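Everything on this sheet refers to the single structure shown next.
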Amino acid sequence: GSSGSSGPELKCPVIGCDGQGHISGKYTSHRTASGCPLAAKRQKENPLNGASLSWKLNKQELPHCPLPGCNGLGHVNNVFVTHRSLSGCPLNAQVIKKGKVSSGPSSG
Ligand SMILES: [Zn+2]
Ligand SMILES: [Zn+2]
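Going by the numbering used here, the first residue of the sequence shown is number 488, and it counts up by one from there.
In structure tokens form, the structure reads like this:
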């Protein structure tokens, strides 16, 4: 090895993606959307494949919170870490406020 080599190259423009793998399968990597397997997995619905740690799991379920940003995790009483309702939603309680002078109707 007299010398090495370096240089930037294309990359998966699809945010959130890892860039690894290929919508074809043969290749275990990609740097474009056309070859992005993740971008295809979304548009399509093939739950065929899927591995999840299902064994000896007592607490296995998702919360029931209306708030989009809220991950149904937490509690107003500041005691637990879960909540499947508003009254319990800690992020919904603080928000509560009658008389919010500042009001921005504009929606972009
Ligand atoms: Zn990708
Ligand atoms: Zn919540």
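Ideal placement from N, C-alpha and C gives every residue a C-beta, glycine not left out.
| request: Find the nearest neighbour of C523 within the set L497, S589 and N545, judged by alpha-carbon distance. | output: Here the closest residue by C-alpha is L497.
| Would you call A538 buried or exposed, if buried means 16 or more other Cβ atoms sit within 10 Å of its Cβ? | With a 10 Å radius around the Cβ and a threshold of 16 neighbouring Cβ atoms, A538 comes out exposed.
| message | Under DSSP, the alpha helix (DSSP H) around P577 begins and ends at which residues? | response | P577 to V582
| said: Please state the DSSP three-state secondary structure of residue 607. | reply: Past the edges of the chain, shown from 488 to 595, lies residue 607, and the structure says nothing about it.
| field | For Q507, the residue or residues it bridges with in DSSP | value | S516
| request: Check whether the Cβ of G512 sits closer than 7 Å to any heavy atom of ligand 1, and report yes or no. | output: No, Cβ of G512 sits at least 7 Å from all heavy atoms of ligand 1.
| message | When you compare the CB positions of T569 and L560, do they come within less than 8 Å of one another, or not? | response | yes
| query | Measuring from the CB of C523, is there a heavy atom of ligand 2 at a distance below 7 Å? | reply | no
| message | Since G508 and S516 should fall inside the 8 Å C-beta cutoff, what is the C-beta to C-beta distance between them, to a whole number of angstroms? | response | 7 Å
| Contact test: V566 Cβ vs ligand 1 heavy atom, cutoff 7 Å | no
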